[PDB]
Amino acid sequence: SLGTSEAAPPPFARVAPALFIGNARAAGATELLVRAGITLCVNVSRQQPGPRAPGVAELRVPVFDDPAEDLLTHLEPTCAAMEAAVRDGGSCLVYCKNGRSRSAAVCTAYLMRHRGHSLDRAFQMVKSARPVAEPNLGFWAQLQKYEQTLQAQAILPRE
């Protein structure tokens, strides 16, 4: 509403061009999703609702927020879906229930994979957009393994 501020904050925030992080309350925020030009919601949860907005695709990454969970195997295909939506001109929103561990880990992976950032730089960007972003320590280890794989693959430099 062209006012006047919005009392409640938006349920997401911009991390980088065409990339947003948020929480599951975004699912129902149809008008905000359309206004931001989001075309893909990456729902990193097993049971959180998805969007029902016109022109907005959902991809669900059904992982528990647990250090023993295998986020790693999901990272490469998830990041590829994200990049394809981005290169086709849409924006991507990555959310989980509370916008903390799972969505942070996925956004961090994407920034390393497709924006050329080291793990530390990528996580700093997520943290700046959303201070409560905090991948669990199991996911942090998996992100380090992904980073090393990216280096071996010449996607990231050793530096």
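When you see a residue number, it is the position in the sequence shown, counting from 1.
Averaged over their C-alpha atoms, the temperature factors of 25 to 33 and 109 to 117 are higher for 25 to 33. The deposited model assigns a higher average Cα B-factor to 65 to 73 than to the other stretch when 65 to 73 and 97 to 105 are compared. You'll see in the entry that, of 132, 129, 92, 57, the Cα B factor peaks at 132. Looking at the C-alpha B-factors along this chain, the one for residue 125 belongs to the middle third. Remark: residue 47 belongs to the highest third of its chain, ranked by C-alpha B-factor as recorded. Residue 38: CA B factor lies in the middle third for its chain, per the PDB record.
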